[PDB]
Structure formats: C-alpha cells, structure tokens
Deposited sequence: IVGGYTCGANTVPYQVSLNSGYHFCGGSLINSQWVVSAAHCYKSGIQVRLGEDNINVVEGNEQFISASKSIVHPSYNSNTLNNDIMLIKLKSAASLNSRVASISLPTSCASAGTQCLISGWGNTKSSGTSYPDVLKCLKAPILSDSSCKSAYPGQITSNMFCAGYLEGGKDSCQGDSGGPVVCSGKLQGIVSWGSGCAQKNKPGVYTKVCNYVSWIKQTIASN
C-alpha cells in the first residue's frame, strides 16, 4: 500500500496473508472455512495466515491453516485478467479474526472504501512493511476507468483511487480486500505501476460473483 497508514494490530480482522514460504498475496476471510483472493494468486501448497499484524514476527494472535482447496474462477483469463477471483478452502475452520460480508448490491462511483495489505509502500523503489497498512480510497466511474486503461476494462473490473497519484495498492497487496460500508466489494488485481498519476488501481468487482461464490463454497 503506497500513501497509506498503519492500520493497527488486528483492526482489519478479515485480512489474511497467503504464504508459500513467504508472503506473496492477501485475501479476505468470508466465513470460518473460506477465503476470497485473486486468481493470479493461485499456487499449490498455500498456507493461510489469519490474525496477523507483523508478518515477520510471531505475536500470538496468529492462526496458520493450510489451504485444502484453491479454486480459480472457471472463466479466469490470464491474458485479459477477466474474472480474477479465487476461493480458498481452509483445511480446518478458523477460530473467530472475523469474516467480512459479501455485497448485496454493487457500490457506486465515489463510495469510500478501505484497501489493506502488506505490499510495497513505495511508488518508485521497494520497501515492504512489517505491519499491515490501510488506505481509504473512492470507487471511480467506469468511464474514467476505461479512459485510464483503454481496451482493458471489462464488466468485472472497477478502478479505485486518486488520479493525482501517490495513493494506491502495490505488489504484495493482490488478492486482498476493498471493503466499502462493511462489504467486500473488490479484490486487489492489477494496474499500471503503482500510485502513478492517471493510473488508478484496478480491482475485481466482487458484486458480480456473489451467487457464484455462495454456490461454489456450498458445493465444496
């Protein structure tokens, strides 16, 4: 997260880290056995880390639980990035660390959201934080999103952020949450660099997937 602030320990209790010997992606806990993340975060052998603040130290609220299933959307396209969503089942239920609700309706342009993660905090250069970082950012209109990324924005994507630059998600934040009025509306997905002027972050539009998420979770 570039341009953000220190959340505070366990103030984002639905944020998880996906670990493959090191932190590589975030995710969002949506019930005691299931996490939502990005399809491009698929790996075998994922361990989900819940209750984290400092990713590099054991502080004691942690739960480390293996993924028993890692289910990429059947229509994920790894070239266009359409349908960038993945559901991870936990091998044992997490002790509730708390889940976040799925949306009942899509969010509109200008809605303020909370984006969080353990990704790079520099827009030019590299600094990875120990503790979880937070950013408040608004959803942007589809028209502005498509002028920022011509030919690239599908109906399952939205932009969020600040066109002047300096505030954005960055490498290491993928798969993590964009929460707006207590609902998981987005998944950190892609952008052009990070926190660049005129290049807001692009997010998977979770509201389009709620029936699929519910049915897929219940069928596994």
Unmodelled spans of the deposited chain sequence come out as 97-99
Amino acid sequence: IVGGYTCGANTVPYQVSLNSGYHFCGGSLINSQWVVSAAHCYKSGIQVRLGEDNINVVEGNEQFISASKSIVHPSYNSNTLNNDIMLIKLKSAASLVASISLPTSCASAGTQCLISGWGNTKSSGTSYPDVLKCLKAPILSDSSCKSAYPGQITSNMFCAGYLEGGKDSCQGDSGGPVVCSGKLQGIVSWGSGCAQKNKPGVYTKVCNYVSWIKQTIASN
From here on, numbers count along this sequence of modelled residues.
Higher of the two mean Cα B-factors (70-78, 104-112; per PDB record) comes from 104-112
Quick note on 9-17 and 199-207: per-entry mean CA temperature factor is higher in 9-17
From the entry's CA B-factor values, the highest among 191, 172, 45, 161 is 45
Per the deposited B-factor column, the C-alpha that peaks among 38, 184, 65, 55 belongs to 55
Quick tally, chain-level thirds of C-alpha B-factors: residue 152 sits in the middle
Sorting the chain's modelled residues by C-alpha B-factor and splitting them into thirds places residue 89 in the lowest
The third of the chain into which the C-alpha temperature factor of residue 117 falls is the lowest
Of the three thirds of Cα B-factor ranks in this chain, residue 31 occupies the highest
Assert third(CA B-factor, residue 51) within chain per record equals middle
